[PDB]
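Read through the structure below, which is laid out as structure tokens, and then see the notes.
There are 2 protein chains.
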Amino acid sequence: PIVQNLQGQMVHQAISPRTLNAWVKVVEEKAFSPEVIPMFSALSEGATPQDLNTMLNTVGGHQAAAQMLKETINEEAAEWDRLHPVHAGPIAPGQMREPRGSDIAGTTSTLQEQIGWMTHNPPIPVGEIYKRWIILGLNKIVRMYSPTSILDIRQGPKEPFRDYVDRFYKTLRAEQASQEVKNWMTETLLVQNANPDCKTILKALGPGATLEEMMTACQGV
Amino acid sequence: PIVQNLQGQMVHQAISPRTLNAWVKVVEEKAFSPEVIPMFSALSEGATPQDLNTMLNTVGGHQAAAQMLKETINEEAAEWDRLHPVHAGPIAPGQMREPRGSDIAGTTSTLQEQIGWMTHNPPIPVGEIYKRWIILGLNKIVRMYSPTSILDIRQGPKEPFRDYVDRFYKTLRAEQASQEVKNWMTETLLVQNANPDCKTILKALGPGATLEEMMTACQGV
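In order, the protein sequences belong to chains U and F.
Counting in this note's numbering, the first sequence runs without a single skipped number right up to 397 at its last residue.
Counting in this note's numbering, the second sequence runs without a single skipped number right up to 397 at its last residue.
In structure tokens, the structure reads:
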């Protein structure tokens, strides 16, 4: 991340060892469950591309996931280069140059360049964009590692309704379908795959019932 | 009660023997069920404190209930004396004096005093206040004699829903909880303690369903 020294200057600060160890635990203990994605977003808060690559080195041990991440990052960098062509001409002395795809990801750039790019009025977030590419890669990995399809999430005969809803929504978050498809799933498949008692109650509740009403009517069933 | 003679004067009339016998039957045959309270209110309609004490003599055989009634009446009389201090000074010749706690209950007062106190423009009801104290005592007795808690009123596997509702509301009337607590009971516990089929139907009906809708949806179940 970026901090301020006693002179009021922006200086890069390395990720603390225990934050890196928390990220390592997340990678090595959660088997790329969907919750890995928010946690990363919390653990890389306000990070620099060098810090993001340091965090990615933990994923580098997982060869398949690391390869998927590298493919996603390369594709995003190519798209960024395509959408941000290198302008030919004079550059203002007070304005910094435009980083390339290999520079925003920190493969070739230096620390001072990223510090200057991130701290500006208005700021151009390179760390945030690299983080978004990382999150895209992580979402792909979570989809790859999902053990069950949403069509296979069925409420158990004695399973409480809240646990079934939690499993259903966790699987839905893992699968990352289209928004309309997700809405159709939450409206139809959740009722369809419930156990007979909750299914009867939800059918009696009618279409268009909110999730709160559904969980209320099935609370102790 | 109070009637009018041929001269247009208010004269006390004794309670008829069959009204007293009806009250005796209520006391001795209904085991201080909640319905004893409305019936008393019907049987003592427009009564004088002497008449109310005559009716209480039937309860005097039931030692515990009579003691509870006497405690309630004494407490109410003490509160009445506290809230109605005896004024020191002149009294208007045309205005009658203020009865005390032992006088409104008819322990020390006479018949003519109560007749004059009750018949006035505007009237000051002493019989009605004594009746309200009696009803407080009777409510305490009904609470004491209640055989079942409201938490123990559960619909039978083959019991019709209307009978379960009647038992539930009778027990609720016996227990005399706070108004908010009673509302919570009628909204939640009635559904909670129903049998599985009616419970499923009521859960499908949703929260905030009126009692009429609940009894309609469970009519033949």
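All C-beta atoms, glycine included, are put in the ideal place defined by N, C-alpha and C.
Under 8 angstroms between the Cβ atoms of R308 of chain U and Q352 of chain U? no
Step through the CB atoms of chain C and report whether any lies within less than 8 angstroms of the CB of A385 of chain F. The chain labelled as chain C is not found among the protein chains of the depicted structure, namely U and F.
According to the Cβ coordinates, are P225 of chain F and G303 of chain F closer than 8 angstroms? yes
Count the C-beta pairs between the segment 279-288 of chain U and the segment 337-355 of chain U that are closer than 8 angstroms, then say yes if the count reaches three, no if not. no
Beta bridge counterpart(s) of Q180 of chain F as assigned by DSSP: F:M186
Hey, could you find the ends of the alpha helix (DSSP H) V262 of chain F is sitting in? It is not in any alpha helix (DSSP H) - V262 of chain F carries neither H nor E in the DSSP assignment.
Using the rule of at least 16 other Cβ atoms within 10 Å of the residue's Cβ for burial, across every protein chain shown, is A207 of chain U buried or exposed? exposed
Min CB distance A380 of chain F to chain U below 8 angstroms: yes
Any contact between the segment 366-374 of chain F and the segment 327-344 of chain F? By contact I mean 3 or more CB pairs, one from each, below 8 angstroms. yes
Count the C-beta pairs between the segment 247-261 of chain U and the segment 319-329 of chain U that are closer than 8 angstroms, then say yes if the count reaches three, no if not. no
Find the residues of chain U that neighbour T376 of chain F, judging by a C-beta separation of less than 9 angstroms, and give them in chain order. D373, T376, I377, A380 and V397
Alpha carbon to alpha carbon, what distance is there between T283 of chain F and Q395 of chain U? 58 angstroms
Please check the pair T376 of chain U and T376 of chain F, which I expect to be a contact at CB under 8 angstroms, by giving their CB distance rounded to whole angstroms. 7 angstroms
Okay, do the segment 216-233 of chain F and the segment 186-193 of chain F touch, 3+ Cβ pairs below 8 angstroms being the bar? yes
For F344 of chain U, three-class secondary structure by DSSP: helix
Give a yes or no on whether 8 angstroms exceeds the smallest Cβ distance from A393 of chain U to chain F. yes
For the alpha helix (DSSP H) holding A393 of chain F, just list the boundary residues, first then last. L387 to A393
Is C374 of chain U near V357 of chain U, with beta carbons less than 8 angstroms apart? no
Can you tell me whether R273 of chain U is helix, strand or coil according to DSSP? coil
Round the Cβ separation of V202 of chain U and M215 of chain U to the nearest angstrom and send it over; I've been treating them as touching at under 8 angstroms. 5 angstroms
Selection of the segment 329-351 of chain U by Cβ proximity to chain F, strictly under 7 angstroms: none
8 angstroms Cβ cut-off: residues of chain F touching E389 of chain U: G382
Which residues in the same chain as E221 of chain F place their Cβ atom closer than 8 angstroms to its Cβ, once the five residues preceding and following it in sequence are excluded? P177
Whose C-alpha, out of U:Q271, U:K316 and U:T295, is nearest the C-alpha of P210 of chain U? U:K316
Which listed residue (U:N233, U:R330 and U:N359) has its alpha carbon closest to that of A385 of chain U: U:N359
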